[PDB]
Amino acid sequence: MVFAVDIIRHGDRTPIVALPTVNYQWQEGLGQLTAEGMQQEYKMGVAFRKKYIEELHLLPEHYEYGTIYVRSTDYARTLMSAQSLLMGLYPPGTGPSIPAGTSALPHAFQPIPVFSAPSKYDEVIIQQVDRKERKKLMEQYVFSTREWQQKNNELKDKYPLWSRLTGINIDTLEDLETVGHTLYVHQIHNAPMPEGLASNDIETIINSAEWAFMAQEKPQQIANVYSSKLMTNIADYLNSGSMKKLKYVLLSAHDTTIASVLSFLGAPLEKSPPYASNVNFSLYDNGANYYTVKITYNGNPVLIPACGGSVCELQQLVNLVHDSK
């Protein structure tokens, strides 16, 4: 293993939006990484150190300039996720000392830069898409399917009821997604639910929200629009990595990021990426200047139909990404 790229999802977080009908203030603020989420990312970093540094020696024991590049989206939760993980990757005890003295920072913490860009100006991770173009894509590839239509028809009679009880307007199946996600975070943190909302309905809304989310991520043509830039960059990192200084890239991102990438590669999800999810690209030098990339998702090889499995030859992956643009 001569090079690796990790995409991560952030750790456990508070809801993105409040339920208007529920009086409950999240101590951390809305949309924020929790203590539990920090520890998840830290633990992942600890595993990354054991794999990348202790076992494979891809990276050195102490942080070294020019060997790693870390990039996050423009959110507190992904920025803090990257800082938390890097605390595991390069833990207190490994940070620099001042010449002829003691450690630079308390407990010899190691600072590591996490670069970023606003979503509107991100040349690496996030692709901006006009609302009109997004709608066209969805109506062409998602809303127009029998499955989406049937699902909405079976549920829509309860949309006025749920709109009332949640305080969030639900006109279409897509609207159910934000509600279900909030209800889900409330559930697993044991927070108060909207009163009057029957428990089976909560199950239906959460499950429907997951289904609709995954259905929107499913079409490869949409993944091509949203993930082409990110995949182009990742291909370029790997390609550059195959040249006999940089050894590791970490991209701190979202569940959309991961689902769209897997869908891009022809392994679309039907179960939303858990917290601290990880898509990994590892580069291998098979001698004779022949390089391969194995792609893994939460520890399981990704079946990429284009490569007949989870191992692509390098230029095959570069061409695959280019062709889908």
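Residue positions are given as counts along the sequence shown, with the first one as 1.
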When you step from residue 120 to residue 121 in this entry, do you jump over none, 1 to 3, 4 to 9, or 10 or more residues of the deposited sequence that have no coordinates? none
Of the two stretches 18 to 26 and 5 to 13, which shows the higher Cα B-factor on average in the entry? 18 to 26
Look over 191 to 199 and 130 to 138 in the entry and identify the one with the greater average Cα temperature factor. 191 to 199
Which is it among 225, 170, 214, 155: the one with the largest CA B-factor in the entry? 155
Between 88, 180, 160, 111, which one tops the list for C-alpha B-factor in the PDB entry? 160
By the record's CA B-factor, is residue 102 among the lowest, middle or highest third of residues in the chain? highest
State the tercile, meaning the lowest, middle or highest third, of residue 263 with respect to the CA B-factors recorded for its chain. lowest
Name the third of the chain's ranked CA B-factors that contains residue 284, choosing lowest, middle or highest. middle
What third of its chain, lowest, middle or highest, does the C-alpha temperature factor of residue 311 fall into? middle
Relative C-alpha B-factor of residue 275, binned into the chain's lowest, middle or highest third: middle
